[PDB]
Amino acid sequence: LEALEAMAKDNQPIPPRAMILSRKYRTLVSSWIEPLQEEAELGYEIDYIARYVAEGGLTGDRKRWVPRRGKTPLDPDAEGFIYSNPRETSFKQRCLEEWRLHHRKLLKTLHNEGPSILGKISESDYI
Amino acid sequence: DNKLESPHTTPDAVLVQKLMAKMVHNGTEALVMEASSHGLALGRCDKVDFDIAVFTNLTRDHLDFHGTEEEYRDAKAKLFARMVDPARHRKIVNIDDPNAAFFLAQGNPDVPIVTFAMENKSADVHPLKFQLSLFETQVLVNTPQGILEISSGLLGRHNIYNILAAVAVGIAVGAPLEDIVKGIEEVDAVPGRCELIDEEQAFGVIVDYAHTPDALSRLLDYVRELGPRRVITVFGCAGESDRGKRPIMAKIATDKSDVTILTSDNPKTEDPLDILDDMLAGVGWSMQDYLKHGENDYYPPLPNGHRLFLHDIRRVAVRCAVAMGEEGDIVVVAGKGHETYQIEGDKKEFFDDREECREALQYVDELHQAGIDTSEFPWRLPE
């Protein structure tokens, strides 16, 4: 949120690199949501043949997704990252994870510096 | 009876006339020159006096080549009117097709006209029988001019229409229906095109010639109307062909078939597993999704409930499809029909025939006796 906002103050357009996944649903705006890698329900069933014609049909190039031996990552997404793209996590999963740590630190302070504490009601509370 | 090898569908008119003259000189009593709509529009059969010029199915033919609809029908009508005799030319064609009536309207009116439509009452032809089967479909035709008995056709409506159209030509020569017994036997001989099931007691095997999307769709519809339990199909696309043809073909195949196998029918220097991915993209799947699912033992089905399989090599996949079939179910091979050439890259191999299907149907007994499971693509091998 902070970043996208920041760009605005500078009048620089979002670059073309934002791109659709095999499921066209993925886009920076919709990806962080919890259901992941799942085509969104539009009522009418997505026109599968229509998508094909759009990307490449009769003539043209489509990133046909067939696995190959050579070590170039299949996701076009990986390009530009030295080793690989970051692993996928939802806002939800991340939030639970972030949460545990802060707590852990308080517990950590407790583990080493915390057996003794200023409060006099501590003995009952420690348990 | 013999047929000379010709590269094109319609040979040269002068060469065809020379061969017909050589045959009529010794070894043949009649020289009938029969050509399709494209051959008739090119000028192969046009430069020959045709005694009987009838159309089996009149529709939009050579629309992209000639540039105008009903061009082949008009050319055939003109060729028939060039050399026409009274009460000698036959106009037997389905009355439902308007191009057939348009072609029959042109030419000499003294020529005999007749209709082979089953639903039409003016044609007086009707099946009037319920004996449709994968092995033989006999009908009791009740017409004043047509013969009583009909030929056993593999298809429900296409073969029935062909038999009804041939009954008129058979009765024109001889009014007695006993002479059409040989024609009915030859029609039931299961020719290369729209072949019937094998005579051996096994699962039905139908070898068809379906490459264009519309023909594939109509053959799939006829098989669904004929197929009692399952519709198992296996086919592939040719290299350097219409790229937009693969996804629509895959969609039309998966829309009405429970389980389909996708292979490489004609690699022809095109990289494998590439056009296969193009066909897989029609149902929205990618070869990566399948391959990473293949490491497991689940293989999730399609959202509509159907199943889809694929394999690179053609022989093993065809043998599996012939083995993965129910008793009442029939296996359809629409990849190639009368063709006996598989061009895998620069070299071509002639390893596509019905003898392989017969060997597979013979050895499936030993496979079942060994304990192998051929219900789905991941065969359950004991230990």
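Scope of the values below: all heavy atoms of this structure, side chains included, with no hydrogens, waters or symmetry mates. Chain identifiers are assigned alphabetically (A, B, ...) following the order of the sequence lines, protein sequences preceding nucleic acid strands; residue numbering begins at 1 within each chain.
- Counting heavy atoms from C-beta on, the side chains of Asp277(B) and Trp65(A) come closer than 4.5 Å.
- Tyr52(A) places none of its side-chain heavy atoms less than 4.5 Å from the side chain of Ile248(B).
- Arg243(B) contributes a side-chain N or O that, together with a main-chain N or O of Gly60(A), makes up a donor-acceptor pair within less than 3.5 Å.
- Listed here is the closest heavy atom pair of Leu291(B) and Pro67(A): CD1-CG, 3.4 Å.
- Side-chain contact check for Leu273(B) versus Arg64(A): every heavy-atom pair is 4.5 Å or farther apart.
- Put simply, the side chain of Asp75(A) does not reach to within 4.5 Å of the side chain of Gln288(B), judged on heavy atoms.
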